[PDB]
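**Student:** Chains as they are written, first to last, in the authors' numbering: chain AD, 12 to 352; chain AC, 27 to 473; chain AE, 3 to 84; chain AA, 10 to 344; chain AF, 11 to 45; chain AV, 27 to 163.
Handing you this structure, nothing more for now.
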Ligand SMILES: CCCCCCCCCCCCCCCCCC(=O)OC[C@H](CO[C@@H]1O[C@H](CO[C@@H]2O[C@H](CO)[C@H](O)[C@H](O)[C@H]2O)[C@H](O)[C@H](O)[C@H]1O)OC(=O)CCCCCCCCCCCCCCCCC
Ligand code: CLA
Ligand code: CLA
Ligand code: CLA
Ligand code: CLA
Ligand SMILES: CCNc1nc(NC(C)(C)C)nc(SC)n1
Ligand SMILES: [Ca+2]
């Protein structure tokens with residue numbers, strides 16, 4: 012009909028790599044995000060930013076490389092290539108960690124585009140959008156952790172830097188400063204991811220070892236009817252198995268599969284809320300009743316008190332080279348340490 | 027001959043389950059790869075080997091195996107002649123070509139099956155006798171081998187005895203413990219702290235002695251199987267098939283793999299700290315030795331020193347009363363070692379010997395072993411995870427122990443997997459539930 | 003089971019393909035190589051050369067300390083180097 | 010009586026039992042009841058345990074000041090190391106509870122039973138005519154409990170270094186582990202998180218794809234679940250519509266159409282990944298730790314140029330330097 | 011069939027294909043820098 | 027920011043006279059220092075006796091002075107206690123005891139000079155790091 016419907020027509024055309032309206036947002040961003048990372052990983056440094064070598068060009072390996080956050084001076088600045096900081100200049104932008112907000116913000120839109128895609132492709136193919144609902148979980152994580160979090164802190168500098176090792180310190184930090192492992196929400200988080208990776212494994216095996224024989228071969232893979240018809244595995248046998256070994260067992264594939272969506276998506280949602288709270292530093296650091304008894308009574312010791320001391324050490328020995336902008340100077344005598352070590 | 031209408035590509039080797047001949051090429055070609063390695067690696071080690079430097083500081087794991095059998099070494103594990111190393115290496119490397127020949131031959135030219143090209147070699151998995159017999163042949167070959175060691179030790183040269191009276195040295199064992207009460211005693215030993223089971227072997231007589239028993243006991247069973255068939259239970263108990271037999275041998279290796287991991291990690295005797303590194307406990311012990319030795323020279327009375335907790339900076343007591351080194355090292359009070367024994371009394375570390383019988387060679391032994399504990403990183407950076415780069419080293423004992431726990435493990439999975447397959451294969455459902463006769467459907471509802 | 007695109011398999015096998023890419027691929031490679039080896043990359047990304055982290059004596063870090071006059075501050079850091 | 014024992018064996022092995030007490034079960038059921046019963050009592054009323062062998066009792070039970078999150082069953086003493094400490098090895102229970110005896114009684118019975126639990130996951134599959142291997146999936150989580158409760162202690166020389174039985178006690182095991190082994194920088198742990206992250210990921214993929222491509226048979230105001238009856242002949246979702254959507258999300262050949270290959274992958278991934286994670290802990294149990302890139306990148310003069318690998322080392326030193334305050338008397342931590 | 015050349019798939023394939031090799035080339039070169 | 031010959035100029039003897047090492051000797055020392063020292067002196071400390079380090083000042087107050095090529099060299103041949111009132115060649119690697127510490131057999135006067143030079147050059151580059159321990163890592 013008209014240019015719009017013709018533009019549409021073209022886009023929604025069934026190619027090898029479906030484009031679609033969504034693609035107009037997805038691909039530009041998704042590629043820029045992936046690109047910026049791959050660029051910084053090998054070329055840009057984090058010297059003027061964290062006093063750290065962070066690229067292959069400097070000597071870092073796939074584990075130690077990363078696109079480090081901007082200085083703490085920048086604050087929450089969007090750090091646009093043409094903004095007050097970089098001032099249109101590219102190299103400076105690079106040295107001021109412009110590549111972080113670049114990857115961050117771009118990838119962010121890229122996750123919007125992608126979920127939209129699922130939504131758009133779902134609609135076309137005429138299937139229900141539970142693949143999109145599910146993907147809300149990963150959005151929440153990215154949003155709360157790479158955006159909401161540092162937005163509550165002093166600046167982007169405390170957001171997780173893009174890189175393998177550069178993420179491990181994000182972990183260690185959270186233990187040491189937020190005592191994050193003791194947080195009810197992080198726990199739910201893991202219960203879901205850990206519990207989700209169980210349903211995955213357990214359901215898979217239950218199916219492969221509860222299959223009907225539809226072939227004469229040993230390699231039963233070929234024996235499958237790509238064109239529906241009968242259930243390829245004995246749902247009835249599976250039920251009896253677990254009902255006798257675990258005591259409880261599914262018996263409604265519709266529920267067994269919905270459950271599998273729920274468990275890990277709910278888990279990640281919870282782990283997000285916990286972090287949205289760590290933004291304001293509203294952590295789950297201590298148990299007051301415990302601290303009070305530990306003060307008055309020097310012989311009371313739990314695996315909890317023990318941990319808190321591990322945190323003190325993490326904070327004292329890391330803070331210096333981890334928060335350069337604070338020009339920390341901790342005399343050897345002030346550094347907490349046990350005996351001998 | 028055999029393609030996809032046998033098994034899937036990635037399960038290819040199972041297409042040889044019933045082609046005795048070709049299934050022989052595999053085993054003969056494979057056994058070639060092991061000799062090839064053993065040989066080719068030894069020369070690699072020797073090519074890098076530096077005489078005047080610890081073996082453990084050179085990433086060696088074969089030369090130290092030869093050294094233990096008393097070859098190219100002398101007083102204290104000093105390397106004398108590198109020839110036996112070069113020899114053992116090249117010889118194997120050659121035999122690899124011979125075997126490899128046969129393998130390739132039997133797998134792509136010779137008979138694809140054996141039963142007809144000679145009924146002696148051809149075989150039938152369910153042939154309880156052929157099986158019991160071939161097993162019997164191998165049970166003898168292994169038995170001779172066990173004696174091949176007893177010989178090298180008693181007649182041909184000896185073995186490296188670190189406990190050597192005059193101090194570590196190659197010694198000829200001419201008095202193997204044959205007393206069954208003792209030999210087999212080991213098997214009745216706890217596998218926990220202190221009583222360590224097999225790994226507690228601590229002198230060459232038992233090693234040699236015990237191997238004498240195994241060699242005989244082994245060949246004896248080799249003849250017995252040659253001359254027999256499984257009884258009744260032996261038959262109503264096991265599964266008789268190509269896979270089932272495999273499985274049984276899989277679980278067997280797994281177990282030997284775990285036992286080996288602990289031997290190289292704990293044992294001091296058959297794994298001399300002189301060629302490998304100091305044991306885990308041995309190194310923690312040496313730190314205590316080192317500092318009790320140091321501070322004592324500065325005028326400290328080790329016997330009465332009180333540490334932060336009020337337990338005893340240098341010396342404390344174990345749960346059953348014996349005097350041991352203090353500190354976290356209290357967990358390794360079961361460590362025994364040439365260098366440290368002369369300080370032990372009838373009640374454990376003697377405060378008088380510690381006070382004036384410590385010898386320099388011991389002080390530097392303790393120092394050496396202290397600074398060569400089995401702590402290191404994947405990229406080989408010796409020390410604690412927080413250490414700095416410089417000393418490129420990872421104890422041979424760490425390498426061996428980890429590699430073999432992984433292998434030992436996966437093999438236990440291998441066992442479960444091939445055993446699970448064999449039981450379903452036998453009864454016959456390893457390809458799916460009979461759409462028609464679905465067993466579960468004939469059973470009452472537990473409800 | 004199909005769309006317009008010419009089945010990769012066919013292309014990765016066409017002698018035309020290799021006749022084209024045997025030229026193109028190494029082309030791109032040698033280019034990037036030179037990008038690094040000519041020191042150009044260092045300037046495109048303000049990344050320090052092994053001899054440009056600190057001034058000879060100084061052992062302090064060139065930490066950018068304020069957003070707006072950042073670029074200016076960075077430039078001055080390059081001034082001590084040499 | 011067709012023969013008592015003959016009968017017994019028919020019951021035990023009976024596939025008509027609500028819960029299949031198998032042959033492996035005969036060992037499982039008792040060991041697991043002991044482990045469970047001892048734990049629950051311990052966790053609630055056990056008194057302080059001198060975990061580090063330095064006479065500095067760590068109380069970890071509810072009645073002694075702990076809450077669910079902090080409370081735990083504390084590991085046997087370090088004075089004990091790897092020695093066997095059965096109740097009949099103590100002058101009294103008072104002595105046994107002080108040296109952390111309950112810990113061993115629990116870990117040993119649990120590990121024992123949890124293995125038979127695997128042996129059972131095979132047996133029932135056999136008595137039911139289904140293919141084995143499910144028990145092989147369960148070998149991963151088991152191989153972990155083993156690594157964390159036995160291998161690591163054997164390797165380290167003491168049961169006091171095994172993972173405690175409690176929430177916070179576990180975080181302790183982790184935080185310290187990291188300090189002494191730098192696990193986050195080890196290939197095996199990474200494969201572990203790939204498997205776990207991936208699992209949860211895939212678990213969500215499958216779960217959604219399927220649930221979203223279900224054939225309509227339900228009302229607008231009726232649980233979409235009822236559209237399935239236990240004991241159906243044909244499938245309850247359009248696996249061809251599922252593949253149709255997912256193939257377009259990414260691209261066709263990068264999408265499953267074979268339910269069997271889908272489900273194998275679904276099981277293979279996590280199990281394989283966790284297998285490596287378990288081998289990681291079992292490997293770092295002999296001190297072959299993660300990559301140590303401390304002071305790798307250095308400049309033209311020799312100055313040390315830090316990488317994130319170094320910022321990680323500081324955080325590790327803090328842990329090293331503060332764990333086990335009073336347990337060390339010497340320079341190097343070789344235990 | 012009479013398949014075309016420059017297609018949408020082609021574009022994509024190159025957006026990732028081209029840069030990659032350019033990087034693999036860059037990196038391969040770094041392996042020789044020193045001090 | 028480089029290892030100039032200006033940095034490789036370290037005191038040769040007690041009477042102020044100096045010597046200038048070359049980037050070859052340096053690297054060579056560094057390699058030798060790893061081959062026969064790191065084991066116990068990694069990063070300038072001393073694992074089997076943390077009280078004595080290789081910090082130049084520590085070596086300055088040693089007895090005799092061991093903060094110059096001549097000094098360290100003598101030491102690597104005939105080692106003594108910090109007051110020099112006792113020879114320790116029996117429990118410390120040295121030339122007069124290579125039979126006991128093989129790693130010291132190859133070592134020739136050329137090598138001893140490099141190792142010595144490294145010890146005086148390192149702190150010049152690393153500074154506080156060289157002496158202190160984990161606190162500075
Ligand atoms: C469901 C199915 C799942 C399937 C999963 C399959 C997973 C398969 C994992 C397979 C293999 C893991 C292999 C590990 C190899 C380790 C090699 C190594 O340790 O090699 C060590 C060497 C050496 O490192 C070097 O170590 C060196 C020095 O040591 C020393 O050397 C110096 C002199 O040169 C001095 O003497 C010094 O004192 C001494 O200590 C230097 O420090 C170097 O600077 C340092 O770079 O390794 C290096 O450089 C290494 C750079 C390494 C990058 C490594 C990545 C490793 C694993 C990644 C897994 C990713 C998974 C992703 C999954 C995604 C989706 C599933
Ligand atoms: C490690 C040892 C090993 C061995 C000994 C074998 C042996 C064998 N395999 Mg496997 N296989 C292996 C590993 C191994 N395989 C692995 C890792 C995989 C997974 C990729 C497979 C997958 C597989 C499949 C899918 C199939 C086999 C089959 C076979 C048989 C094939 C006969 C044939 O067609 O020859 C063909 C041989 C050639 C074309 C050339 C090979 C030459 C080899 C022998 C040597 C190369 C070395 C060197 C050049 C020789 C120098 C020798 C020296 C003395 C001079 C044979 C007995 C087939 C079968 O089961 O049939 C019943 C089959 O279908 N295998
Ligand atoms: C590791 C096990 C192994 C086994 C079980 C076999 C088994 C067999 N082989 Mg091989 N073979 C092997 C390894 C093995 N081979 C290797 C490594 C090579 C390469 C060197 C060969 C090369 C080979 C060839 C070229 C031929 C066979 C043949 C045969 C079959 C002969 C049956 C027959 O008709 O009567 C023959 C009776 C015998 C072969 C037994 C006599 C063995 C004597 C000659 C040598 C024993 C070895 C050694 C010298 C003893 C140690 C002495 C000590 C002092 C050091 C038989 C099934 C033949 C065949 O295909 O038949 C159908 C054939 O032509 N094999
Ligand atoms: C090297 C491999 C090897 C292999 C594969 C076999 C295999 C076999 N042998 Mg044999 N044997 C061997 C070496 C070997 N033997 C040697 C060297 C000797 C000389 C002593 C013998 C002497 C021998 C005799 C005298 C007999 C067999 C028999 C049998 C068959 C027994 C079936 C059975 O139920 O066993 C499984 C064993 C059991 C079910 C018993 C349970 C024992 C419990 C108490 C402990 C199990 C171990 C424990 C859980 C962990 C280890 C503890 C540690 C302290 C040992 C079987 C096919 C029997 C047969 O029928 O021969 C024709 C028979 O009577 N063998
Ligand atoms: C000790 C002897 C042993 C023997 C003789 C066999 C023999 C056999 N196994 Mg088996 N297995 C073993 C141990 C053993 N296994 C162990 C310890 C495990 C636990 C992991 C398994 C797990 C296992 C499974 C899960 C399966 C088999 C299968 C099979 C059959 C496969 C046919 C084939 O084509 O190979 C296939 C070989 C390959 C496809 C090669 C790929 C190997 C990959 C997975 C790992 C490579 C590891 C290497 C170290 C990595 C280096 C990479 C490099 C780039 C650096 C065959 C009869 C298959 C079957 O159908 O059995 C009836 C099957 O599905 N096995
Ligand atoms: C049947 C729907 N297709 C499909 N494809 C894929 N492909 C990967 C690579 C994610 C396993 N996964 C799923 S969910 C297990 N489904
Ligand atoms: Ca230079």
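Every residue, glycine too, gets a C-beta built ideally from N, C-alpha and C.
Taking any Cβ of chain AA, which residues in the region 439-467 of chain AC have a Cβ under 7 Å from it, in chain order?
**Tutor:** Those would be 439, 442, 443, 446, 447, 449, 450, 455, 456, 459, 465 and 466, in chain order.
**Student:** Name all residues in chain order for which at least one heavy atom of ligand 2 lies closer than 7 Å to the residue's CB.
**Tutor:** Output, sorted by chain position: AC:27, AC:28, AC:29, AC:32, AC:35, AC:36, AC:38, AC:39, AC:41, AC:42, AC:45, AC:48, AC:49, AC:51, AC:52, AC:55, AC:56, AC:59, AC:123, AC:126, AC:127, AC:129, AC:130, AC:133 and AC:134.
**Student:** Would you kindly report the start and end of the unbroken beta strand (DSSP E) that includes residue 343 of chain AC?
**Tutor:** That run of the beta strand (DSSP E) goes 341-343.
**Student:** Is residue 131 of chain AA close to chain AC, meaning its C-beta is less than 8 Å from at least one C-beta of that chain?
**Tutor:** Yes, residue 131 of chain AA counts as interfacial toward chain AC.
**Student:** On a Cα-Cα basis, can you pick out the residue from AC:172, AC:102, AC:77 and AC:163 that is closest to residue 132 of chain AV?
**Tutor:** Minimum Cα distance to residue 132 of chain AV is reached at AC:77.
**Student:** So for residue 35 of chain AF, helix, strand or coil by DSSP?
**Tutor:** Helix, per DSSP.
**Student:** Please check the pair residue 129 of chain AV and residue 62 of chain AV, which I expect to be a contact at CB under 8 Å, by giving their CB distance rounded to whole angstroms.
**Tutor:** Rounded, the Cβ-Cβ distance is 5 Å, consistent with contact.
**Student:** Check the Cβ-Cβ distances between residue 12 of chain AE and every residue of chain AA, and say whether any is below 8 Å.
**Tutor:** By this cut-off, residue 12 of chain AE is not an interface position.
**Student:** Are the Cβ atoms of residue 451 of chain AC and residue 299 of chain AC separated by less than 8 Å?
**Tutor:** No, the pair does not count as a contact, with Cβ atoms beyond the cut-off.
**Student:** Within 10 angstroms of the Cβ of residue 290 of chain AA, are there 16 or more other Cβ atoms? Answer buried if so, exposed if not.
**Tutor:** Residue 290 of chain AA is buried by the Cβ-count criterion.
**Student:** Does DSSP put residue 402 of chain AC in a helix, in a strand, or in coil?
**Tutor:** Note: residue 402 of chain AC maps to strand in three-state DSSP.
**Student:** Indicate the three-state DSSP secondary structure (helix, strand or coil) for residue 446 of chain AC in the structure shown.
**Tutor:** Looking at residue 446 of chain AC - three-state DSSP - the assignment turns out to be helix.
**Student:** Quick one: is residue 43 of chain AE near chain AD, going by C-beta distance under 8 Å?
**Tutor:** At least one chain AD Cβ lies under 8 Å of residue 43 of chain AE.
**Student:** Secondary structure at residue 64 of chain AE, three-state DSSP: helix, strand or coil?
**Tutor:** Here residue 64 of chain AE sits in coil by DSSP.
**Student:** Kindly list, in the order they appear in chain AC, the residues whose Cβ is closer than 9 Å to that of residue 308 of chain AA.
**Tutor:** In chain order: nothing, as chain AC lies at least about 15 Å away.
**Student:** Which of the three DSSP states is assigned to residue 173 of chain AD in this structure?
**Tutor:** Reduced to three states, the DSSP call for residue 173 of chain AD is strand.
**Student:** Three or more C-beta pairs closer than 8 Å, one from the region 263-277 of chain AC and one from the region 438-456 of chain AC: is that the case here?
**Tutor:** The region 263-277 of chain AC vs the region 438-456 of chain AC: in contact.
**Student:** Quick one: Cα of residue 166 of chain AD to Cα of residue 67 of chain AA, how far?
**Tutor:** One C-alpha to the other measures close to 40 Å.
**Student:** Relative to ligand 6, is the shortest distance from any of its heavy atoms to the C-beta of residue 268 of chain AD smaller than 7 Å?
**Tutor:** Every heavy atom of ligand 6 is 7 Å or more from the Cβ of residue 268 of chain AD, so no.
**Student:** Could you give the residue range of the beta strand (DSSP E) that holds residue 304 of chain AC?
**Tutor:** Looking at the DSSP string, residue 304 of chain AC is not in any beta strand (DSSP E), and its letter there is neither H nor E.
**Student:** Does the Cβ of residue 51 of chain AE lie closer than 7 Å to at least one heavy atom of ligand 7?
**Tutor:** Not so, every heavy atom of ligand 7 lies at least 7 Å from the Cβ.
**Student:** Could you work out which residues of chain AA lie near residue 76 of chain AV, taking near to mean beta carbons separated by less than 9 Å?
**Tutor:** By Cβ distance, chain AA contributes 340.
**Student:** Taking the alpha carbon of residue 164 of chain AC as the reference point, which residue from AC:152, AC:241 and AC:316 has its own alpha carbon closest?
**Tutor:** Residue AC:241 is the option with its Cα nearest to residue 164 of chain AC.
**Student:** Any beta-carbon of chain AC closer than 8 Å to the one on residue 63 of chain AA?
**Tutor:** It does: the Cβ of residue 63 of chain AA has a partner Cβ on chain AC nearer than 8 Å.
**Student:** For residue 412 of chain AC and residue 343 of chain AA, what's the separation of their Cα atoms in angstroms?
**Tutor:** Spanning the two alpha carbons is a distance of roughly 13 Å.
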